[PDB]
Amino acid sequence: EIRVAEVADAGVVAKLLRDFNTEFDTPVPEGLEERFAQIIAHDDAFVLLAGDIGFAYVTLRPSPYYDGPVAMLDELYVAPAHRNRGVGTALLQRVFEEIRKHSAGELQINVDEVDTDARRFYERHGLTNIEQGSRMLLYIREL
């Protein structure tokens, strides 16, 4: 039931991303569907879909530390009514399986500190916030 999205799946992915943003009261730009179609077709990136009820969006970017890329799980979402039944675990498992085909050297994920359920999920599935004895922070500037 997890599969790799094709270009023609961009509409379902965009709908799920819209739902994710709506759940968190964050507005979305126009054009999500068109942009996902281009990303899936041409870029060093992929989307995994669990039926039409969850997705994972992964980007691959270069690193001097590895022959392969660094992977980033830029979005992971399971629809609220389908949570706590193993869908997110299955998506994350498949993320690790797919990035291994690309010999990715590392997976990175940005998470809000307040999102303790997501944090617990990631910690229980092998991700850490600690490097060289310190927490790792994300700083941004929107442009």
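Numbers for residues come from their place in the sequence shown, where the first is 1. The term rigid core refers to the maximal set of C-alpha atoms that superpose within 1.5 Å between the two forms.
Greater average departure of CA atoms from the shown form, over structures and residues in 4 other deposited structures of this protein after a core fit, characterises 42-50 among 42-50 and 99-107. Legend: mean Cα B-factor per stretch from the PDB entry, 3-11 versus 133-141; the higher mean is in 3-11. Once the C-alpha B-factors are averaged per stretch, 15-23 and 117-125 rank with 15-23 first. The maximum CA B-factor among the listed residues 64, 68, 29, 88, taken from the PDB record, is found at 29. Per the PDB record, residue ranking by Cα B-factor puts residue 54 in the middle third of the chain.
Residue 103: CA B factor in the middle third of modelled residues in this chain (values from the PDB entry). The entry lists a Cα temperature factor for residue 74 that places it in the lowest third of the chain's modelled residues. In the PDB entry, a CA B factor belonging to the lowest third of its chain's modelled residues is recorded for residue 47. In the PDB entry, residue 92 places in the lowest third of its chain by CA B-factor.
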